[PDB]
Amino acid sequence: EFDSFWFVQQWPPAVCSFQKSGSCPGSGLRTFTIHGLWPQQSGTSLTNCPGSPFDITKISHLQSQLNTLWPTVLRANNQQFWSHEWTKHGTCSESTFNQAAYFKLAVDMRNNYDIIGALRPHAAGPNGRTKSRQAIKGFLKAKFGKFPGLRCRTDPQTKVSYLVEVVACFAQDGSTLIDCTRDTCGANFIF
């Protein structure tokens, strides 16, 4: 039912910068974390596929890694976030990846796709300054071999565009990187 995966990582500070009021734990993180692993089909995310109910016992061995790499950055309950991501996205690839394998896949993908690490050397790390879409995609392609998908958000008040997420696209095997085909960023953005 799926032809690929979108492995979506979020930049905590940027994500939380849009919540103009209230608390947001993401305001203090300094590394990219996991938003989700989304099975794809025909250029769109497959969602809410019939499948097994979320079962925390299937990933109990990964709780340390998941609390570190897949915390919620908006709320406080990490498990609630994992459950939601499984039911809305994970079920769509359960035909080949059971819950344990799906979450292990996301963890391995995160450990194998260190965004800041790939940008740091080329002086492209975050600093609240303007960055080039082609430059950033170029540095990530040079390091990982394929083009990532960049996701930006515009501040409703200043109209300034900020990088909020980076997508690594994978083939249906969930291991072979492929080029992403869409960005929601303009030629330049703050990072």
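Sequential numbering from 1, following the sequence displayed.
The stretch with the higher mean CA B factor, choosing between 120-128 and 37-45, is 120-128. Mean CA temperature factor is higher for 20-28 when stretches 166-174 and 20-28 are set side by side in the entry. You'll see in the entry that, of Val160, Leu140, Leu150, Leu62, the Cα B factor peaks at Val160. Among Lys104, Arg75, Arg110, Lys88, the highest C-alpha B-factor recorded in the PDB entry belongs to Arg75. Per the PDB record, residue ranking by Cα B-factor puts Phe2 in the highest third of the chain. Among the modelled residues of its chain, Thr96 has a C-alpha B-factor that falls in the highest third according to the deposited record.
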